[PDB]
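Down below is the structure, laid out as structure tokens.
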Amino acid sequence: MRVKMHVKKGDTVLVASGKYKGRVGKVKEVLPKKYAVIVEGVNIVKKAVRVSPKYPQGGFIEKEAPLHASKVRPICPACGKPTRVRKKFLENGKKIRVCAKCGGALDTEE
Amino acid sequence: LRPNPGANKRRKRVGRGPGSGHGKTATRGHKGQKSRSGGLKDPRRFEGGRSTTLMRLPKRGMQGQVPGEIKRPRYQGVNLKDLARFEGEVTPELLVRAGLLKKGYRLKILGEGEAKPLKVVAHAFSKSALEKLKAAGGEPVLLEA
RNA sequence: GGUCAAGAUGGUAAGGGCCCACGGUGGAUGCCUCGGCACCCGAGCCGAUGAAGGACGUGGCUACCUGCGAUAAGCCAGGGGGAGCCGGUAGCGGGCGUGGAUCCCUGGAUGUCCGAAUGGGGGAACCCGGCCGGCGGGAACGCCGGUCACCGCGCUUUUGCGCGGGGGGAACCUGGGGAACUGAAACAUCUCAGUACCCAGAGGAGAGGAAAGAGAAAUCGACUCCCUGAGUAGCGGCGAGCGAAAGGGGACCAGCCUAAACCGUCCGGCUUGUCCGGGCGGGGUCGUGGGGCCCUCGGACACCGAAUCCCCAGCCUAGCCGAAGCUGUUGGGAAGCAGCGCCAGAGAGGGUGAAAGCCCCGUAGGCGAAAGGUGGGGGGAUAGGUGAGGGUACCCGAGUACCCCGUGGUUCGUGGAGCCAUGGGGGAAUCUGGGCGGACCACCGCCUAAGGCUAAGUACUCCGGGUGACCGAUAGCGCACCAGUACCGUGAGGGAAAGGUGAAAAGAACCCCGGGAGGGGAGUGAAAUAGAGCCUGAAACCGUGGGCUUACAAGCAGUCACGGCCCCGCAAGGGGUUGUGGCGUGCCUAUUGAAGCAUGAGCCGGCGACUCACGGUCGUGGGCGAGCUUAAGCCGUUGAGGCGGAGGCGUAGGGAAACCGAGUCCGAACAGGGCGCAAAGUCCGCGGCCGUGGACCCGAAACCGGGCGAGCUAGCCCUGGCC
RNA sequence: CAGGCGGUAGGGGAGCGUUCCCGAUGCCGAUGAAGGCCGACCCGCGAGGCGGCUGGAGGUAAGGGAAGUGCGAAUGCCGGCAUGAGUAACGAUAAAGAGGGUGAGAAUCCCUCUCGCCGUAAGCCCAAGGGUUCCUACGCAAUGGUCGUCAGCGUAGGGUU
RNA sequence: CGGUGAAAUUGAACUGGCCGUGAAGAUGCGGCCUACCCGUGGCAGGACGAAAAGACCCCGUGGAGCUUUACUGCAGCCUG
């Protein structure tokens, strides 16, 4: 939780929570880790405006706070994140490797 | 985690304010705050001057010497010596240079109990010294500059 | 049952008094911080390439806090970097980006107008002008532009071309000039003090810095700062007081130079021969020679104070990794209780809905890294310039040394008063020279003056980092965040307050009285007596209800007693409430003396005053009797203590001293006083305690320094008007 | 058994909380840190436990060490909150009364009609100095010394060449 | 009556007269005489009324402003 981070759009687990049921992290800041797991919001029973239906009450409430979420999940769930061994000419690949592994290859899924 | 100061040591009198119930500390106004009053001594100072004088140490700073360091044949022979040769040089341990008013200056013959001299060359031998030095059995000497 | 005479008691509050319940205004406040403050290390120069420091601008849509300035939420290039950003605004309305977008750094570009300002003026932040370029309606106008003080400074006297400075800066710093208080319980010498303050100026640190020194031993050897040197040596209405210096311990250790006629060279000289003037030099004194003549000479180790250059350039800010748990479980929560499985050259800490080594943290673990901006090291090279022997008539570091008085320094206040230092008048010596040790004279000794340069060790704190038997929002910087701004003053100048809703915004659709606020519901949620000034949220004061109590009463208060109520009560009885009675001058300060009519006192709350550093000094708790250790060098998450033996206290003292010495000065006196008598202290601490320091705390007339104002007021000057 | 025990100045002794330092964090704790609110067990007291309510997280000592500390009280310091008081006061004795209007409400706004006081000023005018505001449109919880649907008040927009 | 809504001083006070008394001019202590609960519009006597820690003073080896041929110097003038 700093100028540096955890997972990004990613897809991860909820340990100390109410859901645990991991899923799509719609957006995650740089400093306040502020990340939305699309896993628990509300309605803000909207303005009474025609902003929302003239008869409103916003629906998708999803600002995800706490940072006990168990980011990253290869064939393994709760795991920290490795770093590199480069291996290839100019190779950062700070992919995530521990027990199972996941790096969010630019392919099949984030 | 236990050895509290034995007997009394710890704060003995940092007595705060003036009295459990009451308080005020001293006399009457004559000794208020900015009241560090007639200090050390009023009429006592009158005394202080009270008298001509016969001891005058004039406009200067460079006196000579004739090294008056009180040394004792008694400490010597009772139990810290070598009955013939010790010399100013060997007197460090000697408590007749290991104090303060002339450490390195001159060791005199506090000739006392029994004989009363010095059997080691040097400087400072009471006359009584010269004599019981000669009796005790000693080779005293005295060269200059 | 009715009539009358008599007596005794009862309830009936407009309000008020003690008690209990339940509110409100007020913020104590417990804790809690992106905020101080304290110490230590790191760091230490800004500016005309017109800076520090501000005026007016720009952000599609912005008063403001921000960053840029007219190419203005920024353009350029390189260093860094993982995938999100269009600063604090989240909202509107639109976006850029894994063909390194946000952003961290280093060097880039215009870089508005003011501000040293300088092209000129000017109430700065705004109006003027002269030169070449440009565009426009051409000339006139008017913009971008490049343009044009002043200073002194050296160069081609003609470039007046080509430089310099100036302008800053919290504290440290050098010199310039330089004060009353208070003390001396008055106070004129004296004192604070060469302190405060005005100034000028070099810095990043200057200061001082190789000896006409010390000091007297046939000794030392730059300068600076620390400990010690004695607070003695001493300076003095010898009074308050003030107070050294060599040495020793320590730290830090380069030394280097120029006119100094003589050389010759030379150009100018005057005027010519043989004087002076100024350039090159050898000479260019380190602890003494230098030059010129004669002879012995001589044919590779030394670097600067940046001489200087190349580097591992230390960093600057971006870097990187990086140790091990889940199941359960009481919970709105768990990181918690419980189960088993886990890490560790890294159990420093914070952060993840209540207290984790194994969850968040690029931390302690260790390692990391760059082509810019800075150098000591280690080494090189660059190396100016140093680096021989005697002989001989001498000429060759300052224009004043020196001596009279008039003065400064210095531990020196006038004195027998020295040395350096200068304001007056005098007024010279080249190493047989000349000041210096002792006023001065005779000695020995000392050093080599009247020029020049700089490093290194103590100071200082703007700025950065870190640590705190250093602070919690009235203490801390006043200042924890749109406080040096609000606001008072003419200016100078003074100089607040206000920190927290909650775990996360889910912070309130919607219905209902109402103009609105605001008020009842629904949803929030774990709570909303957590609801927007909204945590914890007490005292004071005002309020709604309930209990007792009250209209023949004289009393701070009260309060001892008891009786009537009502209360928990098993009783014992315990509560609150009081009518009857007994006895009762309120507290603080300063008083012979107080109820005070003497005083302080409006009520609540938070602040609110005998300390610290040394000297000492007496105690007494503790180590050895000789006992103890500063300044430092060194090891030091914890940083671990160790060593450092210049000393000061003891260890006989007696004296004005010479000295003598446990003895002793008087003295010619065997008479007294200081003893001898150890009857060891010496050190660390804790503490009663003075002396200096503001030393229980706030309190005055005022004296002194530097500035601030004639839109204050009186005057005087200039210039219109009105009677 | 003494034997005594009013007693400021003042001197001696002995305890008390109080926020920190070790706290050799022991931990205690969301079945509450803490402060708070109330109470007929502890203390010779300064204080203590303990019980009950609040209250959201701390807090801390067994033994000892370190101190900005314990306060009516100083016409105190800073902030509240009271008091005469719902009396004194509204800024000029240059007076006003009506009708209709607009409004959630109009003594206190708008028109219009009666009426008094200025007029040599309560005239206009330039200038100074103020620097918003002026206007037009909405609004009034603050502000006018109550009003107030009025404004020189608040919000926005336009306004002097 | 209605809109409004302050200001010093003050322990708190529930505060009669007396004759007395007391630090010597008292509601508040003694003995006693009257008098119930409350408030408004007034009247000024006390509560030494408020006001300002007396400018009357004294006192403080206090301050400050003239002064004078008190004390010492500074200035400027005169002058070997």
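By order of appearance in the structure tokens: chains A, B, ..., then residues from 1 within every chain, and ligands from 1 in the order shown.
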
For residue 134 of chain B: contacts at 10 Å, only C-alpha atoms (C1' of nucleotides), fewer than 4 positions along chain excluded, given as a list in words = residues 115, 116, 117, 118, 119, 128, 129, 130, 138, 139 and 140 of chain B

Every residue of chain B that DSSP places in strand (DSSP E or B), as JSON, numbers by chain | {"B": [69, 70, 71, 107, 108, 109, 120, 139]}

Non-local contacts of residue 146 of chain D (12 Å; only C-alpha atoms (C1' of nucleotides); under 5 positions in same chain excluded) as a PDB file with N, CA and C atoms (P, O5', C5', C4', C3', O3' and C1' of nucleotides), in the first residue's frame:
ATOM      1  P     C D  90     -33.653  55.596  23.591  1.00  0.00           P
ATOM      2  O5'   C D  90     -33.695  55.071  22.094  1.00  0.00           O
ATOM      3  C5'   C D  90     -32.982  55.730  21.068  1.00  0.00           C
ATOM      4  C4'   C D  90     -32.804  54.787  19.924  1.00  0.00           C
ATOM      5  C3'   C D  90     -34.088  54.408  19.183  1.00  0.00           C
ATOM      6  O3'   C D  90     -34.363  55.181  17.992  1.00  0.00           O
ATOM      7  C1'   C D  90     -32.976  52.471  19.944  1.00  0.00           C
ATOM      8  P     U D 108     -46.388  47.823   7.151  1.00  0.00           P
ATOM      9  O5'   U D 108     -44.858  48.126   6.836  1.00  0.00           O
ATOM     10  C5'   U D 108     -44.364  49.458   6.856  1.00  0.00           C
ATOM     11  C4'   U D 108     -43.066  49.504   7.607  1.00  0.00           C
ATOM     12  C3'   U D 108     -42.067  48.451   7.164  1.00  0.00           C
ATOM     13  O3'   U D 108     -41.137  48.997   6.226  1.00  0.00           O
ATOM     14  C1'   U D 108     -42.231  48.586   9.553  1.00  0.00           C
TER      15        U D 108
ATOM     16  P     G E   2     -47.148  41.965  26.659  1.00  0.00           P
ATOM     17  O5'   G E   2     -46.870  42.447  25.169  1.00  0.00           O
ATOM     18  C5'   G E   2     -47.658  41.972  24.089  1.00  0.00           C
ATOM     19  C4'   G E   2     -47.040  42.401  22.797  1.00  0.00           C
ATOM     20  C3'   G E   2     -45.571  42.049  22.657  1.00  0.00           C
ATOM     21  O3'   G E   2     -45.337  40.693  22.305  1.00  0.00           O
ATOM     22  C1'   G E   2     -45.924  44.263  21.955  1.00  0.00           C
ATOM     23  P     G E   3     -43.841  40.097  22.379  1.00  0.00           P
ATOM     24  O5'   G E   3     -43.009  41.039  21.409  1.00  0.00           O
ATOM     25  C5'   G E   3     -43.203  40.934  20.020  1.00  0.00           C
ATOM     26  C4'   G E   3     -42.015  41.459  19.279  1.00  0.00           C
ATOM     27  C3'   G E   3     -40.669  41.281  19.928  1.00  0.00           C
ATOM     28  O3'   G E   3     -40.164  39.972  19.926  1.00  0.00           O
ATOM     29  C1'   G E   3     -40.762  43.399  18.965  1.00  0.00           C
ATOM     30  P     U E   4     -39.152  39.545  21.090  1.00  0.00           P
ATOM     31  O5'   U E   4     -38.019  40.684  21.086  1.00  0.00           O
ATOM     32  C5'   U E   4     -37.245  40.979  19.902  1.00  0.00           C
ATOM     33  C4'   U E   4     -36.149  42.019  20.179  1.00  0.00           C
ATOM     34  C3'   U E   4     -35.156  41.712  21.287  1.00  0.00           C
ATOM     35  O3'   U E   4     -34.101  40.944  20.730  1.00  0.00           O
ATOM     36  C1'   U E   4     -35.825  43.995  21.397  1.00  0.00           C
ATOM     37  P     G E   5     -33.798  39.475  21.296  1.00  0.00           P
ATOM     38  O5'   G E   5     -32.600  39.717  22.308  1.00  0.00           O
ATOM     39  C5'   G E   5     -31.586  40.663  22.007  1.00  0.00           C
ATOM     40  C4'   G E   5     -31.463  41.661  23.128  1.00  0.00           C
ATOM     41  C3'   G E   5     -31.046  41.110  24.490  1.00  0.00           C
ATOM     42  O3'   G E   5     -29.620  41.206  24.584  1.00  0.00           O
ATOM     43  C1'   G E   5     -32.774  42.767  24.654  1.00  0.00           C
TER      44        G E   5
END

Residues near segment 9-22 of chain A, cut-off 12 Å, only C-alpha atoms (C1' of nucleotides), skip fewer than 5 positions along chain, as a ChimeraX atom specification | /A:27-29,35-41,64-74,76-79,96,102-106,109-110 /C:83-84,326,332-335,352-353,359

Can I get the selection written as a PDB file, in the first residue's frame, with C-alpha atoms (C1' of nucleotides)?
ATOM      1  CA  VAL A  27      -9.795  -0.923 -10.603  1.00  0.00           C
ATOM      2  CA  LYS A  28      -6.852  -0.335  -8.176  1.00  0.00           C
ATOM      3  CA  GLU A  29      -5.117   2.981  -7.396  1.00  0.00           C
ATOM      4  CA  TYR A  35      -9.319  -1.285  -5.210  1.00  0.00           C
ATOM      5  CA  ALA A  36     -12.795  -2.429  -6.213  1.00  0.00           C
ATOM      6  CA  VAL A  37     -13.332  -6.247  -6.087  1.00  0.00           C
ATOM      7  CA  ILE A  38     -16.897  -5.930  -7.397  1.00  0.00           C
ATOM      8  CA  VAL A  39     -17.731  -7.955  -4.225  1.00  0.00           C
ATOM      9  CA  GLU A  40     -19.974  -5.882  -1.828  1.00  0.00           C
ATOM     10  CA  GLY A  41     -21.534  -2.429  -2.300  1.00  0.00           C
ATOM     11  CA  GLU A  64     -13.027  -1.928  -2.072  1.00  0.00           C
ATOM     12  CA  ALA A  65     -11.072  -0.915   0.937  1.00  0.00           C
ATOM     13  CA  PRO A  66      -9.339  -3.332   3.390  1.00  0.00           C
ATOM     14  CA  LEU A  67      -5.984  -4.909   2.336  1.00  0.00           C
ATOM     15  CA  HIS A  68      -6.166  -8.446   3.705  1.00  0.00           C
ATOM     16  CA  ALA A  69      -7.185  -9.622   0.234  1.00  0.00           C
ATOM     17  CA  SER A  70      -4.949 -12.540  -0.808  1.00  0.00           C
ATOM     18  CA  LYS A  71      -3.881 -11.162  -4.202  1.00  0.00           C
ATOM     19  CA  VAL A  72      -2.774 -13.521  -7.014  1.00  0.00           C
ATOM     20  CA  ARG A  73      -3.936 -17.081  -7.485  1.00  0.00           C
ATOM     21  CA  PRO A  74      -2.173 -19.691  -9.718  1.00  0.00           C
ATOM     22  CA  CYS A  76      -2.447 -21.854  -5.824  1.00  0.00           C
ATOM     23  CA  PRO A  77      -4.507 -19.094  -3.954  1.00  0.00           C
ATOM     24  CA  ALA A  78      -2.755 -17.260  -1.136  1.00  0.00           C
ATOM     25  CA  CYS A  79       0.829 -16.690  -2.253  1.00  0.00           C
ATOM     26  CA  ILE A  96       4.000 -14.112  -9.746  1.00  0.00           C
ATOM     27  CA  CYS A 102       0.393 -16.883 -12.410  1.00  0.00           C
ATOM     28  CA  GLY A 103       1.916 -13.890 -14.190  1.00  0.00           C
ATOM     29  CA  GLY A 104      -1.090 -12.457 -15.920  1.00  0.00           C
ATOM     30  CA  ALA A 105       0.378 -13.324 -19.307  1.00  0.00           C
ATOM     31  CA  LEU A 106      -0.934 -10.749 -21.844  1.00  0.00           C
ATOM     32  CA  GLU A 109      -6.878 -13.726 -19.434  1.00  0.00           C
ATOM     33  CA  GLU A 110      -5.346 -10.533 -17.952  1.00  0.00           C
TER      34      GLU A 110
ATOM     35  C1'   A C  83       1.024  -0.642 -15.815  1.00  0.00           C
ATOM     36  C1'   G C  84      -2.461   3.325 -14.662  1.00  0.00           C
ATOM     37  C1'   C C 326      -3.964 -22.463   6.702  1.00  0.00           C
ATOM     38  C1'   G C 332     -20.334  -6.839  12.377  1.00  0.00           C
ATOM     39  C1'   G C 333     -15.305  -7.773  13.260  1.00  0.00           C
ATOM     40  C1'   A C 334     -10.509 -10.956  13.885  1.00  0.00           C
ATOM     41  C1'   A C 335      -4.415 -10.187  12.679  1.00  0.00           C
ATOM     42  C1'   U C 352      -4.542  -4.662   6.637  1.00  0.00           C
ATOM     43  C1'   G C 353     -12.647  -3.031  10.275  1.00  0.00           C
ATOM     44  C1'   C C 359      -1.450 -10.664   6.709  1.00  0.00           C
TER      45        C C 359
END

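Neighbours of residue 47 of chain A closer than or equal to 8 Å, with only C-alpha atoms (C1' of nucleotides) counted and sequence neighbours fewer than 4 positions away skipped, come out as residues 51, 52, 56 and 57 of chain A; 509 of chain C.
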
Mind dumping the selected residues with N, CA and C atoms (P, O5', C5', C4', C3', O3' and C1' of nucleotides) as a PDB file, in the first residue's frame?
ATOM      1  N   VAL A  51     -31.275  11.808 -12.897  1.00  0.00           N
ATOM      2  CA  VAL A  51     -29.873  11.562 -13.199  1.00  0.00           C
ATOM      3  C   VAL A  51     -29.840  10.052 -13.335  1.00  0.00           C
ATOM      4  N   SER A  52     -30.383   9.387 -12.320  1.00  0.00           N
ATOM      5  CA  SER A  52     -30.531   7.931 -12.305  1.00  0.00           C
ATOM      6  C   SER A  52     -31.973   7.900 -12.851  1.00  0.00           C
ATOM      7  N   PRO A  56     -34.891   7.226  -9.141  1.00  0.00           N
ATOM      8  CA  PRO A  56     -33.578   6.636  -8.844  1.00  0.00           C
ATOM      9  C   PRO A  56     -33.282   5.858  -7.551  1.00  0.00           C
ATOM     10  N   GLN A  57     -32.001   5.474  -7.458  1.00  0.00           N
ATOM     11  CA  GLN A  57     -31.344   4.746  -6.355  1.00  0.00           C
ATOM     12  C   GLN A  57     -30.158   3.879  -6.829  1.00  0.00           C
TER      13      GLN A  57
ATOM     14  P     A C 509     -32.930  11.170   2.062  1.00  0.00           P
ATOM     15  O5'   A C 509     -33.495  10.721   0.623  1.00  0.00           O
ATOM     16  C5'   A C 509     -33.198  11.473  -0.581  1.00  0.00           C
ATOM     17  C4'   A C 509     -33.593  10.698  -1.850  1.00  0.00           C
ATOM     18  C3'   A C 509     -35.082  10.457  -2.120  1.00  0.00           C
ATOM     19  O3'   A C 509     -35.558  11.490  -3.009  1.00  0.00           O
ATOM     20  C1'   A C 509     -33.897   8.391  -2.125  1.00  0.00           C
TER      21        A C 509
END

Close residues, residue 686 of chain C itself excluded, 10 Å, only C-alpha atoms (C1' of nucleotides), min 4 positions apart in chain, as a PyMOL selection string = (chain B and resi 8-14) or (chain C and resi 620-621)

Residues from last step as file, N, CA, C and O atoms (P, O5', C5', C4', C3', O3' and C1' of nucleotides), as a PDB file, in the first residue's frame:
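Generated output (part_28.pdb):
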ATOM      1  N   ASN B   8      19.547   3.968  52.958  1.00  0.00           N
ATOM      2  CA  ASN B   8      18.820   5.225  52.662  1.00  0.00           C
ATOM      3  C   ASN B   8      19.046   5.937  51.295  1.00  0.00           C
ATOM      4  O   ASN B   8      18.109   6.512  50.715  1.00  0.00           O
ATOM      5  N   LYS B   9      20.288   5.917  50.813  1.00  0.00           N
ATOM      6  CA  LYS B   9      20.690   6.516  49.540  1.00  0.00           C
ATOM      7  C   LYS B   9      19.626   7.371  48.826  1.00  0.00           C
ATOM      8  O   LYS B   9      19.684   8.597  48.870  1.00  0.00           O
ATOM      9  N   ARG B  10      18.664   6.712  48.175  1.00  0.00           N
ATOM     10  CA  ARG B  10      17.599   7.378  47.417  1.00  0.00           C
ATOM     11  C   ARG B  10      17.100   8.664  48.028  1.00  0.00           C
ATOM     12  O   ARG B  10      17.069   8.793  49.248  1.00  0.00           O
ATOM     13  N   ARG B  11      16.681   9.590  47.162  1.00  0.00           N
ATOM     14  CA  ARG B  11      16.173  10.900  47.564  1.00  0.00           C
ATOM     15  C   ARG B  11      15.889  10.904  49.053  1.00  0.00           C
ATOM     16  O   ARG B  11      15.062  10.134  49.535  1.00  0.00           O
ATOM     17  N   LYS B  12      16.589  11.763  49.782  1.00  0.00           N
ATOM     18  CA  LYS B  12      16.411  11.832  51.223  1.00  0.00           C
ATOM     19  C   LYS B  12      15.640  13.081  51.650  1.00  0.00           C
ATOM     20  O   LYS B  12      14.786  13.006  52.544  1.00  0.00           O
ATOM     21  N   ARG B  13      15.921  14.218  51.004  1.00  0.00           N
ATOM     22  CA  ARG B  13      15.260  15.480  51.362  1.00  0.00           C
ATOM     23  C   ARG B  13      14.776  16.415  50.235  1.00  0.00           C
ATOM     24  O   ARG B  13      14.700  17.631  50.432  1.00  0.00           O
ATOM     25  N   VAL B  14      14.438  15.893  49.066  1.00  0.00           N
ATOM     26  CA  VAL B  14      13.955  16.808  48.055  1.00  0.00           C
ATOM     27  C   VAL B  14      12.536  17.218  48.468  1.00  0.00           C
ATOM     28  O   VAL B  14      11.605  17.152  47.679  1.00  0.00           O
TER      29      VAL B  14
ATOM     30  P     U C 620      26.560  11.534  59.768  1.00  0.00           P
ATOM     31  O5'   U C 620      25.971  10.152  59.251  1.00  0.00           O
ATOM     32  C5'   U C 620      24.575   9.958  59.154  1.00  0.00           C
ATOM     33  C4'   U C 620      24.199   9.700  57.725  1.00  0.00           C
ATOM     34  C3'   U C 620      24.897   8.519  57.079  1.00  0.00           C
ATOM     35  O3'   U C 620      24.246   7.295  57.410  1.00  0.00           O
ATOM     36  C1'   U C 620      24.824  10.359  55.584  1.00  0.00           C
ATOM     37  P     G C 621      24.852   5.898  56.884  1.00  0.00           P
ATOM     38  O5'   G C 621      24.242   5.733  55.421  1.00  0.00           O
ATOM     39  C5'   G C 621      23.203   4.793  55.155  1.00  0.00           C
ATOM     40  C4'   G C 621      23.312   4.309  53.737  1.00  0.00           C
ATOM     41  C3'   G C 621      24.595   3.553  53.433  1.00  0.00           C
ATOM     42  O3'   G C 621      24.400   2.167  53.694  1.00  0.00           O
ATOM     43  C1'   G C 621      24.260   5.251  51.812  1.00  0.00           C
TER      44        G C 621
END

Segment 56-66 of chain E environment, 8 Å, only C-alpha atoms (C1' of nucleotides), sequence neighbours closer than 5 positions dropped, as a list in words | residues 185, 186, 701 and 702 of chain C

Residues of chain B within 8 Å of chain C, counting only C-alpha atoms (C1' of nucleotides), as a VMD selection string | chain B and resid 6 to 14 16 to 17 32 to 34 36 38 to 40 54 to 56 59 to 62 70 to 71 95 to 96 98 to 100 110 to 112 126

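Between atom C1' of residue 342 of chain C and atom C1' of residue 323 of chain C the interatomic distance comes to 10.0 Å.
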
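Straight-line separation from atom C1' of residue 458 of chain C to atom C1' of residue 208 of chain C: 12.8 Å.
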
Select all residues from chain C having any atom no more than 12 Å from an atom of chain A (counting only C-alpha atoms (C1' of nucleotides), ignoring ligands), output as a ChimeraX atom specification.
-> /C:81-85,98,100,102-104,320-326,332-335,350-353,356,358-362,503-510,523-524

Selection to disk with C-alpha atoms (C1' of nucleotides), as a PDB file, in the first residue's frame:
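What follows is the written file result-v7.pdb:
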ATOM      1  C1'   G C  81       9.359   2.394 -14.026  1.00  0.00           C
ATOM      2  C1'   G C  82       5.308  -0.656 -13.705  1.00  0.00           C
ATOM      3  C1'   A C  83       1.024  -0.642 -15.815  1.00  0.00           C
ATOM      4  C1'   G C  84      -2.461   3.325 -14.662  1.00  0.00           C
ATOM      5  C1'   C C  85      -2.989   9.473 -14.643  1.00  0.00           C
ATOM      6  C1'   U C  98       1.748  -1.675 -22.135  1.00  0.00           C
ATOM      7  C1'   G C 100       8.005   1.922 -20.791  1.00  0.00           C
ATOM      8  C1'   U C 102       1.119   8.821 -13.800  1.00  0.00           C
ATOM      9  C1'   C C 103       5.110   9.725 -12.059  1.00  0.00           C
ATOM     10  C1'   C C 104      10.713   9.636  -9.179  1.00  0.00           C
ATOM     11  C1'   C C 320      15.856  -4.929  -5.770  1.00  0.00           C
ATOM     12  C1'   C C 321      15.122  -8.759  -3.900  1.00  0.00           C
ATOM     13  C1'   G C 322      13.855 -10.267   0.119  1.00  0.00           C
ATOM     14  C1'   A C 323      12.246 -15.687   5.367  1.00  0.00           C
ATOM     15  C1'   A C 324       7.070 -19.015   6.783  1.00  0.00           C
ATOM     16  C1'   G C 325       0.691 -21.093   7.847  1.00  0.00           C
ATOM     17  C1'   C C 326      -3.964 -22.463   6.702  1.00  0.00           C
ATOM     18  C1'   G C 332     -20.334  -6.839  12.377  1.00  0.00           C
ATOM     19  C1'   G C 333     -15.305  -7.773  13.260  1.00  0.00           C
ATOM     20  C1'   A C 334     -10.509 -10.956  13.885  1.00  0.00           C
ATOM     21  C1'   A C 335      -4.415 -10.187  12.679  1.00  0.00           C
ATOM     22  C1'   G C 350       3.932   1.173  11.122  1.00  0.00           C
ATOM     23  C1'   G C 351       0.040  -0.237   7.906  1.00  0.00           C
ATOM     24  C1'   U C 352      -4.542  -4.662   6.637  1.00  0.00           C
ATOM     25  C1'   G C 353     -12.647  -3.031  10.275  1.00  0.00           C
ATOM     26  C1'   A C 356       0.372 -11.292  12.843  1.00  0.00           C
ATOM     27  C1'   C C 358       4.658 -16.845   8.741  1.00  0.00           C
ATOM     28  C1'   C C 359      -1.450 -10.664   6.709  1.00  0.00           C
ATOM     29  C1'   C C 360      -0.033  -4.983   4.429  1.00  0.00           C
ATOM     30  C1'   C C 361       5.197  -2.761   4.428  1.00  0.00           C
ATOM     31  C1'   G C 362      10.620  -3.205  -1.931  1.00  0.00           C
ATOM     32  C1'   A C 503     -14.270   0.747  10.163  1.00  0.00           C
ATOM     33  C1'   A C 504     -15.468   1.546   5.201  1.00  0.00           C
ATOM     34  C1'   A C 505     -19.340   6.659   3.251  1.00  0.00           C
ATOM     35  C1'   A C 506     -23.163   3.143   2.969  1.00  0.00           C
ATOM     36  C1'   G C 507     -23.394  10.315   5.313  1.00  0.00           C
ATOM     37  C1'   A C 508     -29.028   9.757   4.163  1.00  0.00           C
ATOM     38  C1'   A C 509     -33.897   8.391  -2.125  1.00  0.00           C
ATOM     39  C1'   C C 510     -38.971   8.197   0.256  1.00  0.00           C
ATOM     40  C1'   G C 523     -33.752   2.681   5.219  1.00  0.00           C
ATOM     41  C1'   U C 524     -27.943   3.000   7.615  1.00  0.00           C
TER      42        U C 524
END

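Contacts from chain D to chain B at a cut-off of 7 Å (only C-alpha atoms (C1' of nucleotides)) map to residues 9, 24, 63 and 64 of chain D.
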